[PDB]
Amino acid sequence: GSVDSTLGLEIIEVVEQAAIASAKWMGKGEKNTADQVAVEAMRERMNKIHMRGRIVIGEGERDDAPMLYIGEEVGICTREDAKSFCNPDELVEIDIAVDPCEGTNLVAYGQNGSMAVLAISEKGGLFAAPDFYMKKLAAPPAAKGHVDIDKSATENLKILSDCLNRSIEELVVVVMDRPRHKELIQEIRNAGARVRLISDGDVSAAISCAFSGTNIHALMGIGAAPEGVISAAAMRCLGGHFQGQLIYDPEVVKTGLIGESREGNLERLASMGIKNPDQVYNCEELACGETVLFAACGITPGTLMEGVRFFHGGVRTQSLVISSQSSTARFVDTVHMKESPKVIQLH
């Protein structure tokens, strides 16, 4: 059959539960704990769905990550003993990209910008990105195809100016606060644009570019490739601009494995069957499937989504779920009622 329509709704609960678990550790100074509980919650809720999924982006390779590892099967319909309870649509093989705790250190420090996020497409519909750095350009729909990752930041800012009908001084660029971005950040400043430096969480920044109202208009710089594919899935559905280019030269940015070599990384990519390492991927190439789903829920507060709030008698979450199938972007504001709360706030 074809990807189950209700999947795009049911993923709301996946990210909600993952975020709620992770949020209990906000500012607790335990980044691995924040990450691990989100992983367990996401995996648990996904395994209760009537789907036949494979993790193509996750916590690591099979013998590195015990849960949500690359190649892991998730969903009721992956089980030999339960497959007969699944209908043809639910049996459709789908690939899944997960990032249960985007910004583990943001959560640990109780800082803004963290979220629980996943993306889905039919089998083979998501670029199974290796854990390499990725040069990224994110921009709003109005600039899609007009800006380009190969152009300089200055040129892109001028193009954004035209496309968004505002001055460069009236633009805001998000860049990760990293030494590798010193020249890039200086260039953006010299061009006249304002900047928001983030310590982590470039998935939220990228997607923020798509929505007029965030006062964020572009993401520039180098982040992680897997996160890039997840961002691209959202942008593909929203019609936003997103390009990525894999970085494999330790001179530009270091992977952190001693001792990394340009040829070393090159061989691995070749080994993974990646023919063109300098290849630039646009949005539709990183998320190329016929059906693309995206789900996110705020853990801590951010530009796109409110953080998880714990109050007397319940919890409140905010999620964004995007579906190419229904062609919708849904903001879900959920009050989770614990036990007969005497007061329920409208907002």
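Numbers for residues come from their place in the sequence shown, where the first is 1.
Here the stretch with the larger average CA B-factor, out of 220-228 and 266-274, is 266-274. When the mean C-alpha temperature factors of 79-87 and 167-175 are read from the deposited coordinates, 79-87 comes out higher.
When the C-alpha B-factors of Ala129, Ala153, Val147, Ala210 are read from the PDB record, the largest value belongs to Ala129. Note on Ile159, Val253, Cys237, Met115: the highest value goes to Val253, judged by CA B factor as recorded.
Annotation for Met51: CA B-factor lies in the lowest third of the chain's modelled residues. When the modelled residues of the chain are ordered by C-alpha B-factor, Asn215 sits in the lowest third. In the deposited entry, the Cα temperature factor of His181 places it in the highest third of its chain's modelled residues.
Among all modelled residues in its chain, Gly307 ranks in the lowest third by Cα B-factor. Among all modelled residues in its chain, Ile344 ranks in the lowest third by Cα B-factor.
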